[PDB]
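A.B. asks: I have a structure here, written as structure tokens, and I will follow up with some questions on it.
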Amino acid sequence: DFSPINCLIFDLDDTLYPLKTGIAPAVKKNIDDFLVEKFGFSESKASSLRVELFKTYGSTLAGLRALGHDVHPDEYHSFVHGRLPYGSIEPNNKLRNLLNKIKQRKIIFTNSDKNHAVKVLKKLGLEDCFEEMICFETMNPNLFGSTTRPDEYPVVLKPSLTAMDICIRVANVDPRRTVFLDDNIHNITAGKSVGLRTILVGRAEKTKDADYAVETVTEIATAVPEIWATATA
Ligand SMILES: [Mg+2]
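Numbered by the UniProt record's numbering, the letters in the sequence shown go through residues 2 to 234 in order.
Okay, here's the thing in structure tokens:
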């Protein structure tokens with residue numbers, strides 16, 4: 002049977018640029034340094050808390066608020082992303098050409114704040130390629146003013162199905178007609194569970210929940226030939 006692809010949802014970090022760029026370990030270091038600044042922890046204790054909060058709540062920001070700390074998202078993102086070596090993100094001309102050839106609607110779906118995402122897309126040369134962006138603010142629209150308690154509006158992040166649902170609703174996605182590209186195996190599982198077709202980025206081998214796997218995102222031009230199909234049924 003034929004299901005056309007009318008929409009592509011792209012993760013940002015480590016999907017539209019390769020993991021080996023080195024942004025991901027810088028973000029981990031920055032989160033540890035944020036916890037040292039907040040709590041006067043050693044770096045070693047900071048790392049221990051980061052991974053616990055990441056595992057339990059989805060991120061250190063999510064966890065701090067769940068535990069009763071009134072950490073505004075801007076404080077966190079300014080520290081953790083603001084400090085990043087954005088200069089190390091290389092433009093990808095092949096990718097820009099590909100996205101421009103692709104006729105389907107293209108969406109960004111990221112846990113990062115919009116400010117970070119826009120900086121990354123600018124470095125990549127992709128700032129006009131996407132017609133919707135579902136970012137941290139999108140998933141957490143009530144988290145920027147006063148709250149009754151620190152966790153009145155719990156932080157929503159990928160890979161939660163809550164996050165998936167917000168992406169699908171904001172972008173008005175038909176999951177049967179949509180492919181989702183992400184480097185994170187848990188995000189791929191979540192996407193598959195809400196009916197999306199899935200492309201694991203950063204591995205050549207598929208997980209059980211990946212329809213395709215490519216090491217680099219530009220490989221979809223040949224690995225996913227249905228992108229170029231013209232049938233609509
Ligand atoms: Mg990613």
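Idealized CB from N, CA, C, for every residue including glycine.
1) Using 8 Å as the threshold, is the stretch 61-77 in touch with the stretch 118-136, meaning 3 or more CB pairs across them?
2) Answer yes if the stretch 94-107 comes into contact with the stretch 183-196, meaning at least three C-beta pairs across the two stretches below 8 Å, and no otherwise.
3) Examine chain B for any beta-carbon lying closer than 8 Å to the beta-carbon of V202, and answer yes or no.
4) Go ahead and pull the three-state DSSP assignment for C130.
5) For ligand 1, which residues count as neighbours when the test is a C-beta closer than 7 Å to any heavy atom?
6) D210 to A47, Cα distance in whole Å?
7) Tell me which residues share the same chain as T57 and place their Cβ nearer than 7 Å to its Cβ, disregarding the 5 neighbours each side in the sequence.
8) Could you check which residue in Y18, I200, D12, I32 has the C-alpha nearest to that of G126?
9) List the whole-angstrom C-beta distance separating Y87 from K124, where the pair is believed to meet the contact cut-off of C-beta under 8 Å.
10) Kindly list the residues whose CB is nearer than 8 Å to the CB of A25, restricted to its own chain and excluding five residues on each side of it in sequence; keep chain order.
11) Who are the Cβ neighbours of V81 in its own chain at under 7 Å, not counting the five residues just before and after it?
C.D. replies: By the coordinates alone:
1) Because the criterion of three Cβ pairs below 8 Å is not met, the stretch 61-77 and the stretch 118-136 do not touch.
2) The stretch 183-196, when compared against the stretch 94-107, does not touch it at the 8 Å Cβ threshold.
3) No chain B appears in this structure, which consists of one protein chain only.
4) Taken through DSSP and simplified to helix, strand or coil, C130 comes out as coil.
5) Selection output, chain order preserved: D12, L13, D14, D15, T16, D183, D184, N185.
6) Rounded to whole angstroms, the gap between the alpha carbons of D210 and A47 is 33 Å.
7) Non-local C-beta neighbours of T57 in its own chain, meaning closer than 7 Å and more than five positions away in sequence, comprise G64, ordered along the chain.
8) Taking only the C-alpha atoms, the option nearest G126 is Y18.
9) The beta carbons of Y87 and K124 sit about 6 Å from each other, so the pair counts as a contact at 8 Å.
10) Here the set comprises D14, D15.
11) Same-chain partners within the cutoff: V28, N31, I32, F35.
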